[PDB]
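Below, in structure tokens: the form solved without its partner chain, a single chain.
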């Protein structure tokens, strides 16, 4: 849900991050720049350097990583 996800990083349904073209390396700073305060209802997890959300904000996050010339990878948090 949005309350617990954006608030504590709990009950989130998606975990996404920007990745570098060519190497596929995770890019924490690019990820942070489009998460938390930059994307309503998202939760930036500084330990993993990943962006989490309950609502499906993949389109919005995709646009962000792309604007920086990066790719995006997401994990569905499936039960």
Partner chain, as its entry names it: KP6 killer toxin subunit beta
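Numbering follows the first chain given and starts at 1.
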task = Within this chain's modelled residues, let me know which third the CA B factor of residue 60 belongs to: lowest, middle or highest.
result = middle
remark   = Chain thirds by Cα B factor, record data; residue 40 belongs to the highest
note = Chain thirds by Cα B factor, record data; residue 67 belongs to the middle
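Not on display, but discussed next: the form solved in complex with its partner chain.
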key: Exercise: residue 23 in contact with its partner chain in the bound PDB entry, heavy atom 4.5 Å   = yes
query = Is residue 68 one of the residues lying within 4.5 Å of its partner chain in the bound PDB entry, judged by heavy atom distances?
reply = yes
query = Hey, in the bound PDB entry, is residue 39 touching its partner chain, heavy atoms inside 4.5 Å?
reply = no
